[PDB]
């Protein structure tokens, strides 16, 4: 279920994200590369990337746009961490494009983990981060299952 963060937890999440927020596209490019490299089945889900070597596409506009759009959503979730409705709406809106798609919970959860590992959080910040991401996935998976109206 959705579990709100305290004011102090919100501050923890903002602080946890601040290095990435400060280098959003550069972090996005690195994290997205590492994700595709570690979990190579996923590149095929991106039709603009499909059929080419990862090292050939990593420097391209198409690739950087995708990595950017993922990170922009998380950046906006963070921005909305103190507003449950606003946070839910960010996710609600990005969920539609995903509903019809052959992407497993495993694939999304593998991306969450690459992000986690890149942030190297202490346990206090990590706990607050994981409250937010647990909310993220709760909302996202509810919308993938066609129960996205409940957040409206």
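Positions refer to the first chain, counted from 1.
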**Item:** Stretch with the greater mean C-alpha B-factor as recorded in the entry, comparing 63-71 against 98-106
**Value:** 98-106
**Greater mean Cα temperature factor according to the PDB record, 51-59 or 117-125** = 51-59
**Complete:** The third of the chain into which the C-alpha temperature factor of residue 140 falls is the lowest
**Item:** CA B-factor ranking of residue 77, expressed as a third of its chain
**Value:** middle
**Request:** Grab the CA temperature factor for residue 112 from the record and place it in the lowest, middle or highest third of its chain.
**Result:** lowest
**Item:** CA B-factor placement of residue 45, once the chain's modelled residues are sorted into thirds
**Value:** middle
